[PDB]
Amino acid sequence: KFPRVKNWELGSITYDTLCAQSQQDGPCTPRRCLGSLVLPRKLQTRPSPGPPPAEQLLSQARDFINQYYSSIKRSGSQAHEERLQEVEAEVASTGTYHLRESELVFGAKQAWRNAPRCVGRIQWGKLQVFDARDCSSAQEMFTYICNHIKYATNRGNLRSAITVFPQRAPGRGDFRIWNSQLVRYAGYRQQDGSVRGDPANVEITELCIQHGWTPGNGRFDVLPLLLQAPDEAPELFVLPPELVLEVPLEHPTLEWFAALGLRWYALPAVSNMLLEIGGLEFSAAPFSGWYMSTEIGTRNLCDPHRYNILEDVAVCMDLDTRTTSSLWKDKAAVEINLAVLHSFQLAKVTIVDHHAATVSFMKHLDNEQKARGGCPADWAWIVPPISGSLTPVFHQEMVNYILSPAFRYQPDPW
Amino acid sequence: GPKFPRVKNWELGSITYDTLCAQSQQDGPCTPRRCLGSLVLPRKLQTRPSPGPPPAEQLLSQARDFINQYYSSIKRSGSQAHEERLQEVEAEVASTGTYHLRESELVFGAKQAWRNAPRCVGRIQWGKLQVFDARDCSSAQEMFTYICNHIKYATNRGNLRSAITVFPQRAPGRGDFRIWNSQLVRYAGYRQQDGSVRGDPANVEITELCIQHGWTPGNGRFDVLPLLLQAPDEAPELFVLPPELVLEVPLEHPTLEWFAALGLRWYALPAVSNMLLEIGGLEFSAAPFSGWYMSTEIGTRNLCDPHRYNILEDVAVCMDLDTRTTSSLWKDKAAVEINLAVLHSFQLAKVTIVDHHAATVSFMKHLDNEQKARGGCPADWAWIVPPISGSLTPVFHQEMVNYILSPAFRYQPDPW
Ligand code: HEM
Ligand code: HEM
Ligand SMILES: [Zn+2]
């Protein structure tokens with residue numbers, strides 16, 4: 001029934017009762033655990049050409065409204081009762097409903113709070129929510145996105161934010177941001193299949209070019225945005241360079257590191273995920289916080305299928321790349337992460353290292369145990385890509401499950 | 001597409017389907033509602049002491065399954081020998097309540113158990129395992145002799161050889177053969193006045209049990225514990241391993257000359273001894289097994305875990321790093337050098353060891369061989385990816401499917 005959760009470093013034990021509130025199934029079964037899988041095989045967000053079963057939508061809506069009124073300590077009040085009736089009334093007549101700004105705000109923060117793979121949830125209560133539901137064109141989307149970026153960046157003192165565009169509607173196309181993040185470096189396929197820039201963005205880079213974008217030939221060329229209004233071909237929009245803050249990478253002691261010409265943007269803003277609140281779906285709701293240094297230093301720069309700079313840094317450090325046992329990869333990885341941290345701190349841009357970040361997450365886990373009796377967490381994503389066991393979360397057992405409001409993956413619009 | 005889990009490798013973009021999981025005959029801890037994959041000891045396999053004889057009906061089904069696996073492995077499925085063997089087993093269980101395995105069946109089962117272990121990254125070596133049959137063992141003293149022979153053969157002066165020694169299976173109402181220690185080689189953990197621990201905090205209980213049983217304790221940081229061996233229905237007897245048999249490696253760093261002064265060291269033979277080997281329903285409560293270390297087990301986990309030797313700060317101070325702020329990555333720097341120290345020292349002493357890069361690369365090969373041979377491979381991601389430099393190794397980017405296959409190694413309650 002209720003899982004016993006143990007921390008092997010401290011010997012402490014807790015019981016997760018929150019998981020009982022889950023109404024959505026994951027990929028696992030008693031026969032086999034599919035926890036390491038990144039994307040769902042079925043838990044997707046299928047098309048919306050038809051109205052979602054009123055019975056189903058209604059229950060999810062009631063449950064959300066119930067959550068909302070509990071949050072403001074007004075459960076069972078007059079307003080609570082009348083709000084439910086409003087929702088009932090709108091669904092019965094139109095097959096859908098709409099959230100009030102205050103409810104939307106509460107919903108966005110809860111979705112973040114419930115995200116199992118996010119290590120920075122201790123900040124969940126501090127999120128600037130921009131209501132962009134009164135958007136009717138890709139151009140309007142572009143303006144909203146620029147205001148989000150200006151606000152979130154705040155000249156280096158990053159502030160968590162989310163912009164919410166119109167919800168999905170039956171039989172009508174979705175508002176969508178084709179790019180996976182608001183800021184991405186182009187990936188150009190060249191010569192023998194090799195790639196100049198970010199290999200992860202090859203497909204999107206090409207799509208932009210096909211829609212009239214004049215490509216560059218650099219390793220860090222900020223991509224343009226392909227914003228799409230309902231049932232309309234996406235449109236191309238270039239981001240004002242002065243809005244895209246970047247940080248040149250250099251090393252605290254290694255003089256030559258700067259010569260490598262490496263750099264990375266300050267703002268991590270996911271834009272391809274779907275936000276679900278009370279049965280309503282927001283196909284375009286970009287959110288951003290700040291980077292944890294390992295995302296850049298380890299994954300973006302060192303992943304084999306990414307910038308894969310490990311060997312270069314290794315040769316520069318004149319390390320023995322002849323054998324694995326010299327641990328040259330481990331050594332370069334650490335300096336590269338040090339460079340990222342040093343650089344961001346120098347440029348006065350917000351960032352958090354994996355040690356500070358995971359310590360804060362352990363606090364969050366404790367806060368959530370008292371508040372809700374548990375905290376859904378995906379161990380594989382919570383533990384950093386380097387120095388895993390050197391952080392507290394490694395020794396902490398975790399229970400993973402789906403709670404709503406929630407951020408979910410959705411099909412690529414093309 | 002195929003009605004089986006779709007497994008993706010994100011580095012190579014390659015895809016495979018696991019059909020082997022369809023063979024699993026035992027449920028794990030997860031459900032569609034929540035994933036409990038990260039739990040170390042989920043009350044599942046946990047072979048809790050089941051005294052009273054097992055349901056002849058359940059044992060038989062398991063035995064029939066194992067025998068089918070065996071004859072399939074020798075390509076004689078459906079043969080006369082296969083059906084006659086099935087008849088033996090059912091008849092032996094009918095009259096005695098249990099049965100026994102033929103020699104080659106034990107060898108096959110022992111290797112399959114290793115092959116089936118989801119948390120073992122060294123399974124590419126599964127086919128090469130020396131199976132010592134010790135099912136004739138009748139005394140705790142004899143257990144000691146067998147164990148000493150195992151250590152000698154496995155250590156082989158540094159050129160380690162994988163091996164397992166199987167003691168008599170569990171019998172109805174009869175006491176179990178048991179090795180109280182978690183490993184054949186373990187360092188003592190002495191509780192102190194201030195409340196701290198000298199030695200390995202992981203072995204405080206076993207250390208205290210050895211004392212309660214007449215062991216005169218030492219006071220070092222690396223004192224090899226004696227063995228508490230238990231024969232059926234008898235109190236455990238204490239045995240001290242001859243020092244000449246326990247090969248150890250002093251740790252030194254290739255460039256940091258002061259590292260050797262730290263006086264750190266580790267033993268060469270990793271021999272798990274508290275796990276239960278289950279084959280066709282039969283239970284081998286005492287079946288110690290050993291291979292060789294993957295360097296991160298010693299350098300990262302044993303030496304740097306907070307609840308273990310916890311030497312991170314000491315080494316960082318010696319490296320003169322800023323241990324007052326996380327952003328200096330002092331923990332990451334010290335960990336790397338400590339791991340390098342382990343690899344270097346073992347190589348120097350000519351003692352077999354494999355670094356996490358080599359090991360994970362070889363496991364990827366194993367996954368490929370197994371995809372072709374069985375249509376899948378049960379793997380526990382959290383345990384396969386190394387404790388340091390995770391995404392720098394290939395296994396990190398490889399999705400994995402975890403499930404229980406039998407024969408298998410399982411945890412079992414402590415005898416005390
Ligand atoms: C304030 C700083 C924040 C930091 C330090 C942070 C850090 C992280 C990290 C490291 C990951 C995993 C990345 C990976 O391993 O690929 C992650 C995932 C995630 N975070 Fe956060 N996060 C923060 C704020 C936010 C905000 C504001 C939201 C939403 C409003 C959010 C929503 C999520 C979600 C949904 C995921 C999973 C995305 C996926 O499945 O790909 N995060 N976060
Ligand atoms: C040949 C060298 C081998 C290497 C390098 C190796 C390495 C490993 C490693 C790194 C672990 C996980 C350690 C941890 O994170 O705590 C492990 C677990 C395991 N290995 Fe292997 N292994 C090898 C041989 C063996 C042998 C010979 C057997 C048995 C016949 C075996 C059975 C297992 C089992 C059952 C586990 C899991 C035990 C547990 O859950 O605590 N391994 N192995
Ligand atoms: Zn699972």
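Residue numbering restarts at 1 for every chain, and letters A, B, ... go by the order of the sequence lines. Scope of the values below: all heavy atoms of this structure, side chains included, with no hydrogens, waters or symmetry mates.
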Please flag which part of [X] lies under 4.5 Å from any non-hydrogen atom of chain B: side chain, backbone, both or neither.
X      : answer
A/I351 : neither
A/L341 : side chain
A/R4   : both
A/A377 : neither
A/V38  : both
A/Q24  : backbone
A/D353 : side chain
A/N337 : both
A/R31  : both
A/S293 : neither
A/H342 : neither

Item checked: For B/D65, all residues meeting side-chain hydrogen bond (donor to acceptor under 3.5 Å, both in side chains), sequence neighbours excluded ->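 Per chain and number, B/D65 pairs via side-chain hydrogen bond (donor to acceptor under 3.5 Å, both in side chains) with B/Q69.
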Within a strict 4.5 Å, meaning less than it, do heavy atoms of the [X] and [Y] side chains meet?
X      : Y      : answer
A/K331 : B/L340 : yes
A/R299 : B/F396 : yes
A/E335 : B/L329 : no
A/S389 : B/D305 : yes
B/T31  : A/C28  : no
B/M400 : A/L34  : no

Could you have a look at [options] and say which one has the most heavy-atom pairs with chain A under 4.5 angstrom?
options                     : answer
B/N402, B/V336, B/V401      : B/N402
B/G37, B/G390, B/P306       : B/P306
B/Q25, B/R43, B/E11, B/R308 : B/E11
B/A22, B/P29, B/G1          : B/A22

Next item on the list: Over all heavy atoms of both residues, which pair between A/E397 and B/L41 is shortest? Give the atoms and the distance, please.
Entry: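 Shortest heavy-atom separation between A/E397 and B/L41 comes out as OE2-N, 4.2 Å.
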Next item on the list: Report, by ascending residue number, the residues of residues 380-388 of chain B in heavy-atom contact with chain A at a distance under 4.5 Å; give 'none' if the set is empty.
Entry: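 Hits under 4.5 Å: B/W381, B/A382, B/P387, B/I388.
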Next item on the list: Check whether more than 12 heavy atoms from other residues, nucleotides or ligands sit under 6.0 Å from atom CZ of B/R374, and answer yes or no.
Entry: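 Yes, the 6.0 Å shell around CZ holds more than 12 heavy atoms from other groups.
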Next item on the list: Using non-hydrogen atoms and a 4.5 Å limit, figure out which bit of B/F346 sits close to chain A: side chain, backbone, both or neither.
Entry: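 Neither the backbone nor the side chain of B/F346 comes within 4.5 Å of chain A.
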